[PDB]
Amino acid sequence: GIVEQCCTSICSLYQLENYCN
Amino acid sequence: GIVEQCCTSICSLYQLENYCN
Amino acid sequence: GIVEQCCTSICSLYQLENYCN
Amino acid sequence: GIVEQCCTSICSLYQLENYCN
Amino acid sequence: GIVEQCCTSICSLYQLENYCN
Amino acid sequence: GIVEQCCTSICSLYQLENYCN
Amino acid sequence: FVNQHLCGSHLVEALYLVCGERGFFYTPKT
Amino acid sequence: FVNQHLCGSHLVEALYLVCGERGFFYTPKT
Amino acid sequence: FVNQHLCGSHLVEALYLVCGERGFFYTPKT
Amino acid sequence: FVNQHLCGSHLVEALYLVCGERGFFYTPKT
Amino acid sequence: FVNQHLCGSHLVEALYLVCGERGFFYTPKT
Amino acid sequence: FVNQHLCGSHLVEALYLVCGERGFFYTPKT
Ligand SMILES: [Zn+2]
Ligand SMILES: [Zn+2]
């Protein structure tokens, strides 16, 4: 759910780090 | 007229296909 | 295997179409 | 001050030319 | 002829200015 | 000297971190 | 209120690609 | 009212870079 | 001799666009 | 040996910008 | 309410190009 | 033999992002 969390607010680096393999 | 058709709504692939040579 | 098929030669649109969900 | 002049209105080419070294 | 002039060598700004309407 | 270090080899994140203010 | 300048840049990229190395013209006008 | 199409393009670029040449997925869904 | 890192970035951009707002996975491996 | 396809994409971007919101034509041919 | 972060990325691309190959500085401040 | 002009455009994009809205300078020189 990156479109409903980063588009409304730049997600943190940690939150985006849990999306990589 | 791509600025007044795709900017207000992602034009379909067929509509954008009629713009190529 | 897109790195070993498109980087060495622009893959066709059909071949790249079999990579989308 | 490019963020407070171009983000609110596309700055002109001359104004953006006075920003290069 | 931009593919056979800029791809082999960054065309100058004046040469690229004679391509705009 | 980012052109003579990253263009020849993707510089590491730490090396590129010493280039920000 | 910029938006049309960045909106026309998101199409050009998704325009020349559709052709496939053939050619295309970009003329914004009514 | 385009915006989500150009918004998802600003993340993909800042996504594969975070990994660092490892691999990732992009599935937009509730 | 960089080239695979920049080459993989030229496909991702021309990949999510083909779908058209659906979803796709990028996993570089033999 | 890709290169002309990615080379023509680096010009289009630096072409419509030179105009400044006027219009241009891209026809690759001898 | 993101917008300034993506707006500053639309200028940098249209900034180093204006120079052509000389150099420039990007310091966002009052 | 273009390549350095497109190579410096892949770094700028992946440079201002690292900062995180702070500021940076780009000066290509020995
Ligand atoms: Zn954008
Ligand atoms: Zn490139």
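- This entry lists solution NMR as its structure determination method.

A word on the coordination of the zinc ion (ligand 2)
Logical step 1: Distances from the zinc ion (ligand 2) to its protein donors, namely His10 of chain I (NE2), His10 of chain J (NE2) and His10 of chain L (NE2), fall within the range 2.1 to 2.4 Å. In this pair, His10 of chain I is assigned in helix 1 (residues 4–19) and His10 of chain L in helix 1 (residues 4–19), connecting two distinct chains.
Logical step 2: Its relative accessible area of 23% is what places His10 of chain L among the partly exposed residues.

Points about the packing of aromatic side chains
Logical step 1: What the rule picks out here adds up to nine aromatic pairs over all chains.
Logical step 2: Measuring from ring centre to ring centre gives 6.0 Å for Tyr26 of chain G and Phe24 of chain J, while their planes differ by 25°; the resulting arrangement is stacked. With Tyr26 of chain G in strand 1 (residues 24–26) and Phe24 of chain J in strand 1 (residues 24–26), this residue pair bridges two chains. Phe24 of chain J carries the same exposure label as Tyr26 of chain G, and that label is buried.
Logical step 3: Among the aromatic side chains, those forming a connected cluster through ring pairs are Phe24 and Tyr26 of chain G together with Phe24 and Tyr26 of chain J.

With respect to helix 1 (residues 4–19) of chain G
Logical step 1: Spanning 16 residues, helix 1 of chain G covers 23 Å between terminal C-alpha atoms, matching the ideal 22 Å at 1.5 Å per step.
Logical step 2: Along helix 1 of chain G, the positions that sit buried rather than exposed are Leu6, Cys7, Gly8, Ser9, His10, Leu11, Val12, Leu15, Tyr16 and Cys19 of chain G.
Logical step 3: Buried positions along helix 1 of chain G lie against strand 1 of chain G, helix 1 (4–19) of chain H, helix 1 (4–19) of chain J together with helix 1 (4–19) of chain K.
Logical step 4: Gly20 of chain G lies just past helix 1 of chain G and shows a positive phi near 105°.

Observations concerning helix 1 of chain I
Logical step 1: Every buried residue of helix 1 of chain I is listed here: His5, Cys7, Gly8, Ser9, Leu11, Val12, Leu15, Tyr16 and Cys19 of chain I.
Logical step 2: Buried residues along helix 1 of chain I sit against helix 1 and strand 1 (24–26) of chain H together with strand 1 (24–26) of chain I.

Observations concerning unusual backbone geometry
Logical step 1: In this structure, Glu21 of chain G takes a positive phi of about 80° despite not being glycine.
Logical step 2: Examined against the element boundaries, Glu21 of chain G turns out to sit in the loop between helix 1 and strand 1.

Section: the relation of the copies chain G and chain J
Logical step 1: Between the two copies, chain G and chain J, the superposition gives an RMSD of 0.1 Å; the rotation angle is 179° and the shift along the axis is 0.5 Å. What the rotation and shift describe, once combined, is the action of a two-fold rotation axis. Of the C-alpha atoms belonging to chain G, the one lying closest to the rotation axis is found on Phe25 of chain G, 2.0 Å away.
Logical step 2: When the interface residues of chain G are mapped onto chain J, 86% of them again fall at the interface, so both copies present the same face.

Here's the deal with the interface of chain G and chain J
As a measure of interface size, the accessible area lost when the parts come together is often cited.
Logical step 1: Facing the 14 residues of chain G at the interface are 14 residues of chain J.
Logical step 2: Note on chain G versus chain J: buried area summed over both sides is about 1,200 Å², and carbon and sulfur give 64% of it.
Logical step 3: Per-residue buried area on chain G facing chain J is highest for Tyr16, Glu21 and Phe24 of chain G; these three make up 35% of the total on that side.
Logical step 4: One can count zero salt bridges joining chain G with chain J.
Logical step 5: Counting residues per element, the ones that place at least two in the side of chain G that touches chain J are helix 1 and strand 1 of chain G.
Logical step 6: Tallying contributions element by element places helix 1 of chain G first for the side of chain G that touches chain J, with five residues.
Logical step 7: Looking at the side of chain G that touches chain J, its residues break down into six nonpolar, five polar and three charged.
Logical step 8: Across three bridges, strand 1 of chain G lies against strand 1 of chain J in antiparallel orientation. Directly across from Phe24 of chain G, in strand 1 of chain J, lies its bridge partner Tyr26 of chain J.

Some remarks on the arrangement of the chains
Logical step 1: At their nearest point, the C-alpha atoms of chain D and chain J are still 8 Å apart, with no contact between the two.
Logical step 2: Taking C-alpha atoms as the reference, chain C and chain L come no closer than 16 Å and do not contact one another.

Observations regarding the side chain of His10 of chain J
Logical step 1: The class for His10 of chain J is buried, based on a relative accessible area of 18%.
Logical step 2: Every residue in contact with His10 of chain J, bar those within four places of it in the chain, is listed here: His10 of chain I together with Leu6 and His10 of chain L.

Brief notes about the packing of helix 1 of chain K against helix 1 of chain L
Logical step 1: Where helix 1 of chain K contacts helix 1 of chain L, the axes come no closer than 10 Å and their chain directions differ by 155°. It follows that helix 1 of chain K is roughly antiparallel to helix 1 of chain L by the angle criterion. Note that helix 1 of chain K runs across helix 1 of chain L; the crossing there is right-handed. Facing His5, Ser9, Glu13, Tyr16 and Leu17 of chain K of helix 1 of chain K, the residues of helix 1 of chain L in contact are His5, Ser9, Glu13, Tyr16 and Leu17 of chain L.
Logical step 2: Tallied by class, the residues present in the contact of helix 1 of chain K with helix 1 of chain L amount to four nonpolar, four polar and two charged.

Description of the environment of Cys7 of chain E
Logical step 1: Looking at where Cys7 of chain E falls in the secondary structure, it is placed in the segment before helix 1 (13–17).
Logical step 2: Relative accessible area serves as the criterion here: at 11%, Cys7 of chain E is assigned to the buried category.
Logical step 3: With 13 residues separating them along the chain, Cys7 of chain E and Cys20 of chain E place their C-alpha atoms 18 Å apart.
Logical step 4: Contacts of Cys7 of chain E, omitting those with residues within four sequence positions, involve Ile2 of chain E, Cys7, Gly8 and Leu11 of chain J together with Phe1 and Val2 of chain L.

Cut-offs and rules
Residues numbered from 1 in each chain as written, not as in the entry; some residues may be left out. Chains lettered and ligands numbered in written order. Heavy atoms only, no water. Donors = N, O, S within 2.8 Å, 3.2 Å for Na, K, Ca; no water. Helix = DSSP H or I, 4+ residues; strand = E, 2+ residues; numbered from the N terminus. Buried < 20%, exposed > 50% of the residue type's maximum accessible area, 1.4 Å probe, protein only. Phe/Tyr/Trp six-rings, centres within 6.5 Å; stacked < 30°, edge-to-face > 60°. Expected span 1.5 Å × (residues − 1). Contact = heavy atoms within 4.5 Å. Least-squares fit on C-alpha atoms. Buried area = accessible area lost by both parts, 1.4 Å probe. Salt bridge = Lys/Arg side-chain N within 4 Å of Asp/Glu carboxyl O. Nonpolar A, V, L, I, M, F, W, Y, C, P; charged D, E, K, R; others polar. Pairing = 2+ DSSP bridges. Axes fitted to C-alpha atoms, helices over the stretch in contact; angles between N-to-C directions. Parallel < 35°, antiparallel > 145°, perpendicular 65-115°, else oblique. Left-handed = near helix turned anticlockwise from the far one by under 90°.

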